[PDB]
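Visitor: I have a structure I would like to understand better, so I am pasting it below and will then ask my questions one at a time.
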Amino acid sequence: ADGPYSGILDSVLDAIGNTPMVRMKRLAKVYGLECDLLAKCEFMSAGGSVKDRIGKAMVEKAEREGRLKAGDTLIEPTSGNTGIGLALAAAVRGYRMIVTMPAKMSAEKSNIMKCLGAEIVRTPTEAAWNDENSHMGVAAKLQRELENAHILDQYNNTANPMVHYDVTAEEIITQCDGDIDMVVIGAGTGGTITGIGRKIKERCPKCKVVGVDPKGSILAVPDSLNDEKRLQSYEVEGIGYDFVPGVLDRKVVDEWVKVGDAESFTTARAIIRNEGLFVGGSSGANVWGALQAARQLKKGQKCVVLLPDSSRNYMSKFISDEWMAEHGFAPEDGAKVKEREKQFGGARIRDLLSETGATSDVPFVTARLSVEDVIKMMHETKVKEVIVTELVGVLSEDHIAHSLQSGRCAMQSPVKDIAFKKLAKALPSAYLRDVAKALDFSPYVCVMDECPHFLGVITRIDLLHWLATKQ
Amino acid sequence: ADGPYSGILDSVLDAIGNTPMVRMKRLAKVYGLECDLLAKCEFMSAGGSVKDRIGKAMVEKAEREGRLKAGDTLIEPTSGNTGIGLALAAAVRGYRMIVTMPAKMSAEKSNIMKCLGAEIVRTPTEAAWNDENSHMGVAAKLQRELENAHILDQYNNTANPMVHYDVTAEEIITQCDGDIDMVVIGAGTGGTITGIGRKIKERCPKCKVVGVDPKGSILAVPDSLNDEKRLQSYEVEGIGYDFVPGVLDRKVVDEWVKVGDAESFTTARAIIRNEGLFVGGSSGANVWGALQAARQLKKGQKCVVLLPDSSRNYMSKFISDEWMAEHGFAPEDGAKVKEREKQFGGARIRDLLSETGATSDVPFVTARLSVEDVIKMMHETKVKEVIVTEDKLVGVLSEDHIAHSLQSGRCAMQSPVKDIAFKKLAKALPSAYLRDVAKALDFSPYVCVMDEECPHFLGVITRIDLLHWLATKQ
Ligand SMILES: *Cc1c(COP(=O)(O)O)cnc(C)c1O
Ligand SMILES: *Cc1c(COP(=O)(O)O)cnc(C)c1O
């Protein structure tokens, strides 16, 4: 029904948590998983991350003990999500924010906490925690040098594990009705996995707890798992560290699963494709860990896995196939890239223009002609489309007539006002895959932008016609 | 309590909606609005848009009437959000998706609809609806040319308004306990405003219904409100059209408010700054319309405004200050750009290097020196940091990281310097202002001056140096 949100909320802080649990039947069918893979969609919170809970909780704990007054400054090292949570709490309750985060983290997080009025200091990616330039070290320095500064230190604050122990684990227990068999959590600061695993093993001791640690970190036990890649940076952000935080109770976890960046990202893409959950890279890491760990289970029993943050923090980072190509990551089993690679193959627009028989050339105009003369030329030449020379764009007779009737195109007005400005430059050597990719952003694709002696325009409908000629 | 999500959900479609209502006390205090401004945070749905509801429900209607079977293809013209909703519905229930959307719309929508495995064809932005190259006309053509293809036509499908009439407006009424005085809705296809306004006027006739359409659309009544910008393109996505959709009943709405791009985006950033709602531009337009319409209201009464979609669809578009500067929009009264403009002004890094006093040339290394020789030279020169050459510029190296990596088993003594150097860096020049280097420091930890006369760098600059400079002023 409507119990948590049926009322009126005083602020965004009152909208943190209460994240739904969804069954990943399609992904399990894809990967051949017998058990029920449940997903705690923590990325659906108000801040789009699991760290909203610990941010709100640290702020409430600070205010409860009188350790924090209005106008004070908050400094916090984070991979990006705790910074966003604390910036939200500060913008709501009137606190100043100064964030220290490594340069490796995506720019979306920095821009988001900039929109929230948080000063952001960046730290080198390769710097260990001991260094003078670590995000925690720079946080401590800023705390020392600044007046009325505060650091809640999510790496050691007791609120971080205790709140996942109090509300999050209780949420998953109440919705799973107590019957939980396997719990897969990503290992960052470790407060989440500690709290959740402890609270679920208290009331459901038969449940197994497996932690996910990226290849590069030293959080998994024993070190024989880390020796694959020790202290080497990874493209996934949010999980893994070069030290055990105070809130991480490594004795709560039963298994550890090392996951690389490629597997994490391809599993996140598979989640988005098959389930429709806009999740982050750490979610893909956790889901691949679950796919590796829960294979011994059968139907009936349920394995819950966390989805820490949403795609918002990595919109331009890993959703874009170009960045996946620059890193050489397998995009997905079922995706548009491989579909186009299979259907088009090595076909280039030379083959299409030759098999069609387009020995014609689209007429040209000086891009400053009047509507009267261009209408005369369009009616006398019998062709439909025209491209304006110099590129400015394209112009069709239908748009000409409709805009002239719509009161936007006077007869004496220049063509530049009524032309189509969106265009994509191509050349005959380009493959059909790349022009199909470019058509995702531009409606038309003009060729030959040698000499300006292009032949015509190519669009998606022509690609579908080409796909109908073959096969 | 826990009523809607206390159980397990079979799919993502069962997790859309149920969006909470938040009171925007801080934004009202900032803008000086006496009444209670309620915000329906529709952007927090599973798909991050208000169109998730209409997509799910149109698919439910198609399946319930036997008009849709597994394996079929779904085609729909959209500004980006209805496409996302129908793509989620298709990926879950096993349908094929082909989307037609104008090129004006953001690239994040295109990329995310590619992630759901949907074919995406674009249409020219300046194309009128009568053109055969418009998204709706191209969708009709694709339906004509393809087998088992269907168009649900959110512009004419009666599910679109009736869902907001059935569930969304009921949610608003239950959350407001019936007492609603004003309701402000953005006018795109017109389904949401029609449905919600009708359902509230049925149960709360005292409630006024105000519609928001961008300057450029012709949905306002009378036409004297459009003559500002007749059929002029706008940057906001989701609201306004060049024709009245079949679902929009313009008689349901009482007032109309025109909003431009600049006001919409400035109000969206102000919402993000003061309330903490990662929301989109059309919501800023709606909130500006509400601020201009409910000014006459007094304390106690409630003015409800809908926020259709989230910032995810405009992450790189309007959250980034660079693009808003490219379009010349006032970012916000209180923001980092104007704060730095005020605190720093026209100050350049030469003033900082002169006031502190550099009179020095930072040590330099060939970036292939052994750790033995670099530690020897650093101890003999007494300096702390060093800059390493090409193996362009590679970066900086500090003795702290040297020692800590050496003991960490990551720095051999015979290893090259490039292993331990910092690879994130930003190129600067003495003439650069403090504001631009402060902006660049948001992405790079270090900033080196005068890179590539002669390659004679004068020093390295960090945020702490800017704070120390601000400590010499008041
Ligand atoms: C915080 C976070 C996690 C989980 O970290 P914990 O320390 O275990 O709470 C996972 N992924 C991302 C991206 C995160 O930001
Ligand atoms: C669709 C949409 C609207 C309005 O849609 P209606 O159905 O006409 O209410 C507003 N903003 C955005 C971003 C949209 O996508």
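So the sequences go chain by chain: A and F. Using the deposited numbering, the letters of the first sequence correspond one by one to residues 6 to 395, 405 to 463, 492 to 513. Using the deposited numbering, the letters of the second sequence correspond one by one to residues 6 to 396, 404 to 464, 492 to 513. Even for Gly, the Cβ is constructed at its ideal location relative to N, Cα and C.
(1) What would DSSP say about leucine 79(A), mapped onto helix, strand or coil?
(2) Give me the Cα-Cα distance between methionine 329(A) and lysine 435(F), rounded to the nearest whole angstrom.
(3) With distances taken from CA atoms, which of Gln513(F), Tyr239(F), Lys307(F) and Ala123(F) is nearest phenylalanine 349(F)?
(4) Residues in the same chain with beta-carbon distance under 6 Å from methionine 26(F), minus the five sequence neighbours each way, listed in chain order, please.
(5) On the criterion of 16 or more Cβ atoms from any shown chain inside 10 Å, does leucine 357(F) qualify as buried, or is it exposed?
(6) What distance in whole Å lies between the Cβ atoms of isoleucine 59(F) and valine 168(F), which are believed to be in contact at a cut-off of 8 Å?
(7) If you measure from the CB of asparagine 161(A), is any heavy atom of ligand 1 nearer than 6 Å?
(8) Find out if the Cβ-Cβ distance for the pair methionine 106(F), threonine 83(F) is shorter than 7 Å.
(9) When you compare the CB of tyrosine 10(F) with every CB in chain A, is at least one pair closer than 7 Å?
(10) Determine which residues of the stretch 111-140 of chain A have a Cβ less than 8 Å from any Cβ of chain F, and write them out in chain order.
(11) Taking the beta strand (DSSP E) that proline 166(F) falls in, what are its first and last residues?
(12) Only counting the same chain, and skipping five residues up and downstream in sequence, which positions put a Cβ closer than 7 Å to that of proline 428(F)?
(13) For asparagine 23(F) versus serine 54(F), is the C-beta spacing smaller than 7 Å?
(14) Who pairs with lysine 303(A) in a beta bridge, going by DSSP?
(15) Taking beta-carbon pairs under 8 Å, can you tell me which members of the stretch 447-462 of chain F lie near chain A?
(16) With a threshold of 16 other CB atoms inside 10 Å of the CB of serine 359(F), please say whether the residue is buried or exposed.
(17) Quick check on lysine 213(F): does DSSP put it in helix, strand or coil?
(18) I want to check one thing, is the minimum distance from the CB of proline 313(F) to the heavy atoms of ligand 2 below 6 Å?
(19) Is the beta carbon of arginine 353(F) less than 7 Å from the beta carbon of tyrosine 445(F)?
(20) What does a CB cutoff of less than 8 Å around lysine 430(F) pick up in its chain, not counting 5 residues either side in sequence?
(21) Let me confirm a value: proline 129(A) is counted as buried when at least 16 other C-beta atoms fall within 10 Å, else exposed. Which label applies?
(22) Terminal residues of the continuous beta strand (DSSP E) containing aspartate 41(F)?
(23) Is the distance from the Cβ of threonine 173(F) to the Cβ of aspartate 254(F) below 7 Å?
(24) For the alpha helix (DSSP H) holding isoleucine 201(F), just list the boundary residues, first then last.
(25) By how many angstroms is the C-alpha of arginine 98(A) removed from the C-alpha of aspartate 314(F)?
(26) Tell me whether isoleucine 103(A) sits in a helix, a strand or coil according to DSSP, three-state version.
(27) May I have a chain-ordered list of the beta strand (DSSP E) segments no shorter than 3 residues that lie completely inside the stretch 251-287 of chain A?
(28) Would you verify that the beta carbon of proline 313(A) is, or is not, closer than 7 Å to some beta carbon of chain F?
(29) Assign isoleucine 324(A) to one of three DSSP states: helix, strand, or coil.
(30) What residues are listed by DSSP as bridge partners for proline 428(F)?
(31) Strictly below 7 Å CB to CB, what residues from chain F border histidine 169(A)?
(32) So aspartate 412(F) contacts chain A; which residues on that side make the cut at Cβ distance below 8 Å?
(33) Tell me whether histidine 332(A) is buried or exposed, calling it buried when 16 or more other Cβ atoms sit within 10 Å of its Cβ.
(34) At a Cβ threshold of 7 Å, is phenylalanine 270(A) touching chain F?
(35) In the DSSP assignment, what are the bridge partners of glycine 191(A)?
(36) So who's on the other strand from residue 401(F), going by DSSP bridges?
Guide: On the basis of the data shown:
(1) Along the first sequence, one-based indexing puts residue 79(A) at 74. In this structure, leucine 79(A) counts as strand in the three-state DSSP scheme.
(2) For the purposes of this step, residue 329(A) is taken as the residue at position 324 of the first sequence. For the purposes of this step, residue 435(F) is taken as the residue at position 423 of the second sequence. Their backbone Cα atoms lie some 21 Å apart in a straight line.
(3) The residue you call residue 349(F) lines up with position 344 of the second sequence. Among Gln513(F), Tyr239(F), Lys307(F) and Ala123(F), the Cα nearest to that of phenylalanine 349(F) belongs to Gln513(F).
(4) For this step, residue 26(F) is matched to residue 21 along the second sequence. Once the five neighbours on either side are set aside, the close Cβ partners of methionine 26(F) are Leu43, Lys45 and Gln180.
(5) Mapped onto the second sequence, residue 357(F) falls at position 352. Under this definition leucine 357(F) is a buried residue.
(6) For this step, residue 168(F) is matched to residue 163 along the second sequence. For this step, residue 59(F) is matched to residue 54 along the second sequence. Indeed they touch by this definition, with Cβ atoms about 6 Å apart.
(7) Locating residue 161(A) in the first sequence gives position 156, counting from the first residue. Flag unset: Cβ of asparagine 161(A) not near ligand 1.
(8) Within the second sequence, the letter at position 101 stands for residue 106(F). Within the second sequence, the letter at position 78 stands for residue 83(F). The answer is yes: Cβ separation under 7 Å.
(9) Counted from its first residue, the second sequence places residue 10(F) at position 5. Yes, its Cβ sits closer than 7 Å to a Cβ of chain A.
(10) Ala112, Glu113, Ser115, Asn116, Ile117, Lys119, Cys120, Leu121, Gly122, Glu124, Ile125, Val126, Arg127, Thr128, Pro129, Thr130, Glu131, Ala132, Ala133, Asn135, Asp136, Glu137 and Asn138
(11) Here residue 166(F) corresponds to residue number 161 of the second sequence, with the count starting at 1. Taken as a continuous stretch (DSSP letters only), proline 166(F) belongs to no beta strand (DSSP E), being part of the alpha helix (DSSP H) at 164-168.
(12) Taking the first residue of the second sequence as 1, we reach residue 428(F) at position 416. So the list reads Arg373, once near-sequence residues are dropped.
(13) By one-based count along the second sequence, residue 23(F) stands at place 18. By one-based count along the second sequence, residue 54(F) stands at place 49. No, they are not a contact pair.
(14) The residue labelled residue 303(A) in the question sits at position 298 within the first sequence. BP columns for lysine 303(A) are empty, so no partner.
(15) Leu453, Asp454, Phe455, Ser456, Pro457 and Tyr458
(16) Numbered from its first residue, the second sequence carries residue 359(F) at position 354. It is exposed - the Cβ of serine 359(F) has fewer than 16 other Cβ atoms within 10 Å.
(17) Taking the first residue of the second sequence as position 1, residue 213(F) is located at position 208. Note: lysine 213(F) maps to strand in three-state DSSP.
(18) Start at 1 with the first residue of the second sequence, and residue 313(F) comes out as number 308. Correct: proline 313(F) has its Cβ closer than 6 Å to ligand 2.
(19) For this step, residue 353(F) is matched to residue 348 along the second sequence. For this step, residue 445(F) is matched to residue 433 along the second sequence. Yes, the pair counts as a contact, with Cβ atoms nearer than the cut-off.
(20) If you number the second sequence from 1, residue 430(F) lands on position 418. If we look at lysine 430(F) and ignore the five residues flanking it on each side, its Cβ neighbours are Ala372, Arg373, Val393, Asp396 and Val406.
(21) Here residue 129(A) refers to the residue found at position 124 when the first sequence is read from its first residue. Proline 129(A) comes out buried.
(22) In the second sequence, the residue the question calls residue 41(F) occupies position 36. 41-45 is the span of the beta strand (DSSP E), which, as asked, contains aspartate 41(F).
(23) On the second sequence, position 168 is the one that residue 173(F) refers to. On the second sequence, position 249 is the one that residue 254(F) refers to. No; because the gap between Cβ atoms is not below 7 Å, this pair is not in contact.
(24) If you number the second sequence from 1, residue 201(F) lands on position 196. 196-208 is the extent of the alpha helix (DSSP H) around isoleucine 201(F).
(25) Against the second sequence, residue 314(F) aligns to sequence position 309. Against the first sequence, residue 98(A) aligns to sequence position 93. Cα to Cα, the separation comes out at about 25 Å.
(26) Residue mapping note: residue 103(A) aligns to position 98 of the first sequence, counting from 1. Note: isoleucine 103(A) maps to strand in three-state DSSP.
(27) 260-264
(28) On the first sequence, position 308 is the one that residue 313(A) refers to. With 7 Å as the cut-off, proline 313(A) does not count as an interface residue toward chain F.
(29) What you label residue 324(A) is simply residue 319 of the first sequence in a count that begins at 1. Looking at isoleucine 324(A) - three-state DSSP - the assignment turns out to be helix.
(30) Here residue 428(F) is taken as the residue at index 416 of the second sequence, counted from 1. Its beta-bridge partners are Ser375(F).
(31) By 1-based counting over the first sequence, the position of residue 169(A) is 164. What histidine 169(A) touches in chain F: nothing, since even the nearest Cβ is about 17 Å away.
(32) Numbered from its first residue, the second sequence carries residue 412(F) at position 400. By Cβ distance, chain A contributes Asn135, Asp136, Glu137 and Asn138.
(33) One-based indexing of the first sequence puts residue 332(A) at position 327. It is exposed - the Cβ of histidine 332(A) has fewer than 16 other Cβ atoms within 10 Å.
(34) Counted from its first residue, the first sequence places residue 270(A) at position 265. Closer than 7 Å: no.
(35) Position 186 of the first sequence, counting from 1, holds the residue named residue 191(A). Note: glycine 191(A) sits in a beta bridge opposite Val217(A).
(36) Chain F lacks coordinates between 396 and 404, the interval that contains residue 401(F).
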